[PDB]
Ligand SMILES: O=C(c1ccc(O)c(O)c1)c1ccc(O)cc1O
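In structure tokens, the next block holds one chain alone, the form solved without the ligand.
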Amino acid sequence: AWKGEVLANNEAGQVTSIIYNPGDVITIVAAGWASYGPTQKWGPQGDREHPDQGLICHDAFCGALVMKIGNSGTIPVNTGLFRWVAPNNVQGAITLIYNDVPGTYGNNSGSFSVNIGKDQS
């Protein structure tokens, strides 16, 4: 299991100790407050009122928590995943990333606290 902070301004993302392997079932819970620029802050689902202006994940709002597994594209995490299994052929290290537009992470702030565990399978 892994617990750590994911900084909103960390464009490369936060690498975890979790290596997702075929057949694995995992659970993620994410909490906290972060911003993609404004003085306001949002939770791990991001800002539902803000337009997508080139986000690294088009399937979640700006400011949402997303992830990559090995060399996958971005996958929405939001507040978390419950006893979740990955798509076929998706495997490898889990990296957590704040959803923002490439090159615009410098004015971000805050972070999410995240737990990941592997479940019975």
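Residue numbers here begin at 1 and follow the sequence given.
One more form of this protein, deposited with the ligand bound, exists but is not displayed; see below.
Please work out, step by step, whether the site is open or blocked: first superpose the C-alphas near the site so the ligand is positioned as in the deposited bound form, then count ligand atoms within 2.4 Å of this form's backbone or C-beta atoms (3 or more = blocked).
Transferred pose: open.
Heavy atom to heavy atom, is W84 within 4.5 Å of the ligand in the deposited bound form?
Although the ligand is absent here, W84 would touch it in the deposited bound form, with heavy atoms inside 4.5 Å.
Please tell me whether any heavy atom belonging to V90 falls inside 4.5 Å of a heavy atom of the ligand, as the geometry stands in the deposited bound form.
Looking in the deposited bound form, residue contacts with the ligand include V90, since a heavy atom lies within 4.5 Å.
Closest heavy atom of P76 to the ligand in the deposited bound form, within 4.5 Å or not?
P76: contacts the ligand in the deposited bound form.
Using a 4.5 angstroms cut-off on non-hydrogen atoms, would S72 count as touching the ligand in the deposited bound form?
Contact check for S72: yes, within 4.5 Å of the ligand in the deposited bound form.
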